[PDB]
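Heads up, the chain below is alone and in the form deposited in one PDB entry; it's given as C-alpha coordinates.
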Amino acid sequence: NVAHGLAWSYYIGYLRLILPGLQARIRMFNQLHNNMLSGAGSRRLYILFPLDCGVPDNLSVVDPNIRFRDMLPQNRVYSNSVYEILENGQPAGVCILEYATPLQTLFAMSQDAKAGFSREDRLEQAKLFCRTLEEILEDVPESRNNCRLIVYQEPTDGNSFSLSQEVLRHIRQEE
(Lines give C-alpha, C1' and ligand atoms only; values in the text may rest on other atoms or scores of the structure.)
Protein backbone atom coordinates (compact mmCIF):
# COMPACT_ATOMS: atom_id res chain seq x y z
CA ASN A 1 0.00 0.00 0.00
CA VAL A 2 2.16 2.81 -1.37
CA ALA A 3 -0.68 3.96 -3.59
CA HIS A 4 -1.94 5.62 -0.42
CA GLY A 5 1.26 7.60 -0.02
CA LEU A 6 1.46 8.43 -3.70
CA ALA A 7 -2.09 9.79 -3.73
CA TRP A 8 -1.73 11.89 -0.57
CA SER A 9 1.56 13.32 -1.84
CA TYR A 10 0.13 14.11 -5.27
CA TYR A 11 -2.82 15.80 -3.59
CA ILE A 12 -1.00 17.72 -0.85
CA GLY A 13 2.01 18.67 -2.92
CA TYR A 14 0.34 19.60 -6.20
CA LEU A 15 -3.43 19.33 -6.68
CA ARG A 16 -4.15 21.14 -3.41
CA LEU A 17 -2.09 24.03 -4.75
CA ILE A 18 -3.28 24.44 -8.38
CA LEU A 19 -6.99 23.62 -8.20
CA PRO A 20 -8.03 26.66 -6.11
CA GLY A 21 -6.60 29.17 -8.60
CA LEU A 22 -7.39 27.33 -11.84
CA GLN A 23 -10.38 29.45 -12.92
CA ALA A 24 -8.31 32.63 -12.70
CA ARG A 25 -5.51 31.22 -14.86
CA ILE A 26 -8.14 29.90 -17.26
CA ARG A 27 -9.61 33.39 -17.37
CA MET A 28 -6.20 34.84 -18.28
CA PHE A 29 -5.70 32.18 -20.92
CA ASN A 30 -9.05 32.96 -22.54
CA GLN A 31 -8.37 36.69 -22.45
CA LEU A 32 -5.03 36.01 -24.14
CA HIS A 33 -6.22 33.50 -26.68
CA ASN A 34 -9.63 34.86 -27.67
CA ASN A 35 -11.61 32.25 -25.74
CA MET A 36 -9.89 29.16 -27.21
CA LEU A 37 -10.61 27.09 -24.12
CA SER A 38 -14.25 26.48 -24.85
CA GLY A 39 -17.01 23.90 -24.94
CA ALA A 40 -19.05 22.97 -21.85
CA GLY A 41 -16.93 21.14 -19.28
CA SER A 42 -13.75 22.40 -20.96
CA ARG A 43 -12.90 24.79 -18.11
CA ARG A 44 -11.50 21.97 -15.96
CA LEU A 45 -8.27 20.12 -15.48
CA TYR A 46 -8.67 16.69 -17.03
CA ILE A 47 -6.32 14.34 -15.21
CA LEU A 48 -5.58 11.24 -17.29
CA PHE A 49 -5.45 8.03 -15.29
CA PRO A 50 -4.13 5.12 -17.29
CA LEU A 51 -4.44 2.12 -14.97
CA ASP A 52 -1.79 0.45 -17.15
CA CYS A 53 0.40 3.34 -15.90
CA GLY A 54 1.46 4.16 -19.45
CA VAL A 55 2.48 7.76 -18.72
CA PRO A 56 5.17 8.75 -21.31
CA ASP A 57 8.72 9.37 -20.07
CA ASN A 58 8.30 13.07 -20.89
CA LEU A 59 4.96 13.11 -18.93
CA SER A 60 3.24 14.95 -21.75
CA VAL A 61 0.35 13.75 -23.89
CA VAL A 62 1.64 12.12 -27.08
CA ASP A 63 -1.16 11.11 -29.38
CA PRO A 64 -1.76 11.76 -33.10
CA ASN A 65 -5.36 12.88 -32.34
CA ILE A 66 -4.27 15.28 -29.60
CA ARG A 67 -2.37 18.41 -30.55
CA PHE A 68 -0.71 20.80 -28.13
CA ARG A 69 -1.77 24.44 -28.44
CA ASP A 70 -0.30 26.54 -25.64
CA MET A 71 0.14 26.63 -21.87
CA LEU A 72 -1.86 28.13 -19.05
CA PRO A 73 -0.17 31.30 -17.78
CA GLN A 74 0.95 31.70 -14.15
CA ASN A 75 4.43 31.71 -5.72
CA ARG A 76 5.82 29.09 -8.10
CA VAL A 77 5.15 27.85 -11.59
CA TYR A 78 2.82 25.30 -13.09
CA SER A 79 2.99 23.47 -16.38
CA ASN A 80 -0.55 22.90 -17.59
CA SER A 81 -1.11 22.17 -21.28
CA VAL A 82 -4.02 22.98 -23.56
CA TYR A 83 -4.62 20.67 -26.50
CA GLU A 84 -7.10 20.50 -29.34
CA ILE A 85 -8.73 17.11 -29.83
CA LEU A 86 -9.17 15.67 -33.32
CA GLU A 87 -12.06 13.63 -34.63
CA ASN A 88 -11.96 12.31 -38.21
CA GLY A 89 -9.18 14.75 -39.03
CA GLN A 90 -11.03 17.76 -37.62
CA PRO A 91 -10.66 19.80 -34.41
CA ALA A 92 -13.49 18.51 -32.22
CA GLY A 93 -12.72 20.08 -28.85
CA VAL A 94 -10.22 21.89 -26.71
CA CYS A 95 -9.19 21.05 -23.16
CA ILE A 96 -6.51 21.01 -20.47
CA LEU A 97 -5.13 17.52 -20.11
CA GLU A 98 -2.35 16.09 -17.98
CA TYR A 99 -1.36 12.65 -16.75
CA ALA A 100 -1.51 11.85 -13.08
CA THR A 101 2.25 11.45 -13.23
CA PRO A 102 2.96 9.39 -10.10
CA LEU A 103 1.61 6.42 -12.08
CA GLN A 104 5.03 6.49 -13.72
CA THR A 105 6.50 5.43 -10.35
CA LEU A 106 4.29 2.35 -10.44
CA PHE A 107 5.49 1.32 -13.88
CA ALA A 108 9.07 1.79 -12.67
CA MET A 109 8.46 -0.52 -9.68
CA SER A 110 7.19 -3.21 -12.04
CA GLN A 111 10.49 -3.22 -13.93
CA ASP A 112 12.71 -3.63 -10.84
CA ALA A 113 15.10 -6.60 -10.98
CA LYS A 114 12.93 -9.55 -9.99
CA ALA A 115 11.50 -8.40 -6.66
CA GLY A 116 9.61 -5.35 -7.89
CA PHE A 117 7.26 -7.34 -10.09
CA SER A 118 3.75 -8.26 -11.29
CA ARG A 119 1.83 -6.23 -13.84
CA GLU A 120 -1.14 -7.39 -11.72
CA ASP A 121 0.25 -5.83 -8.53
CA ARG A 122 0.79 -2.58 -10.45
CA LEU A 123 -2.74 -2.53 -11.86
CA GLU A 124 -4.20 -3.09 -8.40
CA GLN A 125 -2.03 -0.32 -6.91
CA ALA A 126 -3.09 2.03 -9.70
CA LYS A 127 -6.78 1.45 -8.94
CA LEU A 128 -6.02 1.95 -5.26
CA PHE A 129 -4.14 5.17 -6.12
CA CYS A 130 -7.15 6.29 -8.15
CA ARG A 131 -9.95 5.60 -5.66
CA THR A 132 -7.82 7.03 -2.82
CA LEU A 133 -7.38 10.24 -4.81
CA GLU A 134 -11.13 10.30 -5.57
CA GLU A 135 -11.78 9.87 -1.85
CA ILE A 136 -9.46 12.74 -1.03
CA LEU A 137 -11.07 15.04 -3.61
CA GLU A 138 -14.52 14.30 -2.23
CA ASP A 139 -13.77 16.42 0.82
CA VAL A 140 -12.63 19.49 -1.12
CA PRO A 141 -15.72 19.83 -3.34
CA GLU A 142 -15.20 23.36 -4.65
CA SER A 143 -11.73 22.51 -5.92
CA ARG A 144 -12.89 19.04 -7.03
CA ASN A 145 -15.22 20.87 -9.43
CA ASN A 146 -12.09 22.27 -11.12
CA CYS A 147 -10.86 18.86 -12.28
CA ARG A 148 -12.11 15.59 -13.70
CA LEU A 149 -10.44 12.19 -13.53
CA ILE A 150 -10.43 10.22 -16.75
CA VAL A 151 -9.94 6.62 -15.77
CA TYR A 152 -9.31 3.91 -18.32
CA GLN A 153 -6.95 1.14 -19.18
CA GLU A 154 -5.07 1.27 -22.46
CA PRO A 155 -4.57 -2.25 -23.79
CA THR A 156 -0.98 -3.23 -24.65
CA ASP A 157 -1.99 -4.37 -28.17
CA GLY A 158 -4.84 -4.08 -30.69
CA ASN A 159 -6.25 -0.85 -32.14
CA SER A 160 -9.62 -0.44 -30.36
CA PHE A 161 -8.68 2.08 -27.65
CA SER A 162 -8.59 5.77 -28.56
CA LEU A 163 -7.35 8.24 -25.95
CA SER A 164 -8.91 11.16 -27.87
CA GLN A 165 -12.26 9.41 -28.15
CA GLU A 166 -11.99 8.63 -24.45
CA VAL A 167 -11.60 12.30 -23.66
CA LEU A 168 -14.35 13.45 -26.05
CA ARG A 169 -16.60 10.82 -24.45
CA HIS A 170 -15.87 12.18 -20.98
CA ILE A 171 -16.50 15.77 -22.08
CA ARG A 172 -19.75 15.01 -23.93
CA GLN A 173 -21.29 13.38 -20.83
CA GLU A 174 -20.66 16.25 -18.43
CA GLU A 175 -23.36 14.96 -16.09
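Between two forms, the rigid core is defined as the largest C-alpha subset superposing within 1.5 Å. So that there is no doubt, residue numbering starts at 1 and follows the sequence shown.
If you look for the form deposited in another entry, you will not find it shown, but the lines that follow are about it.
Fit the rigid core and compare the CA positions between this form and the one not shown: of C130, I47, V61, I26, just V61 moves by 2 angstroms or more. Relative to the superposed rigid core, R144 undergoes a CA displacement of at least 2 Å between this form and the one not shown.
Put simply, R169 and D57 come closer in the other entry: their C-alpha atoms are 3 Å or more nearer than in the form shown. In the other entry, the CA atoms of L137 and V61 sit farther apart than in the displayed form, by at least 3 angstroms.
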